[PDB]
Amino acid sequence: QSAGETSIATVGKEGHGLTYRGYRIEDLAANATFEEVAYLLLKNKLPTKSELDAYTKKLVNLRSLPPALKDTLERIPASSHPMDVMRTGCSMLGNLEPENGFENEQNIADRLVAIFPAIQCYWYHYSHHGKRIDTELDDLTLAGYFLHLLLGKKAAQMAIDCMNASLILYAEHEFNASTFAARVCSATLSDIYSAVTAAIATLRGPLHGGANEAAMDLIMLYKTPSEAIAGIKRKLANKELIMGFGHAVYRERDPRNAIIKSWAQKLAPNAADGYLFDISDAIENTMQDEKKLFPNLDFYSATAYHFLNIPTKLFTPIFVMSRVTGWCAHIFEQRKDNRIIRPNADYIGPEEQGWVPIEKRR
């Protein structure tokens, strides 16, 4: 099912172990900041200390929302889907700060990575609470920044670390519905905001972007592990689809699950509803025992974010905040080797009809 070529990221040869530009996800999630992996993805190398310092500072000074963008977010209703807010926010920024020539690629990517957390949170707070938040905050890290904008106070260190690792985990994942969309878009020589908007529009779909949101809803149905075992079996006998399990590509394991699971387990003890982790473990055991399926990244991602006090409806915009690095990376690559597979459709419609004038219809 070959749609093209990438140097950016890979799942292993016998289906084992993820890498970004050759570096293991286990090493990245353990040892790197998100800024660092955005540098790897966007710039094609691991930054030195100096390079990281400068990059990290460049992004901190790109946290201003243009007046006409605020105007627009203030007019998106509270009831609108948070991913539609991202969609519009990106598109409108593109009207106000157009890419123009492609030599500005990197600067727009950097602007998007820096500002996406503010677009979501400014809309969230204005539309839900009538409050215009200050988005020009001094948080040194992007993980901390988001959590500061969202919760209104600087985050504890363990919270920063978890959020940071989650962003790394969601940054990039080869060809997938949304990254593909971004590449189809770039292959027509469209601007970078078009491509990212297209990808957001594609990620908005619950079969692609919203699995941890559905997994949180599911986990929260149950007070005890037993209830969850029994409730999952009822869903399986009723052939209902449980989100966060199995993957279109991997066949035994999702390398990112272990990392995110480790974090959820770490955050559980200092959480009001830390019992939800054991509910989740019970669900996992039951999906394995019954239909031999393993959890993907989205499953334990649900409890991690929840234990960070992130509202369930805001799970999906965080994927944009991370995966925008990967998208932009794939967009840069399409631009340099612009070949795309032309879609052709098999016709299964009617054969050439004789014209029927309107006076003779029914």
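Quick note: we count residues from 1 along the sequence shown, nothing fancier.
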Mean Cα B-factor check, 264 to 272 vs 242 to 250, entry values; winner is 242 to 250
State which stretch shows the higher mean Cα B factor in the entry: 324 to 332 or 293 to 301. 293 to 301
From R87, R132, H128, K235, pick the one with the largest CA B-factor in the entry? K235
Of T179, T224, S186, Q106, which one's C-alpha B factor is largest in the deposited record? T224
Considering only modelled residues of the same chain, in which third does the CA B-factor of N285 rank: lowest, middle or highest? highest
So where's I168 on the chain's Cα temperature factor ranking, which third? lowest
Among the modelled residues of this chain, does the Cα B factor of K43 put it in the lowest, middle or highest third? middle
Quick tally, chain-level thirds of C-alpha B-factors: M92 sits in the lowest
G209: CA temperature factor from the record, placed by chain third, in the middle
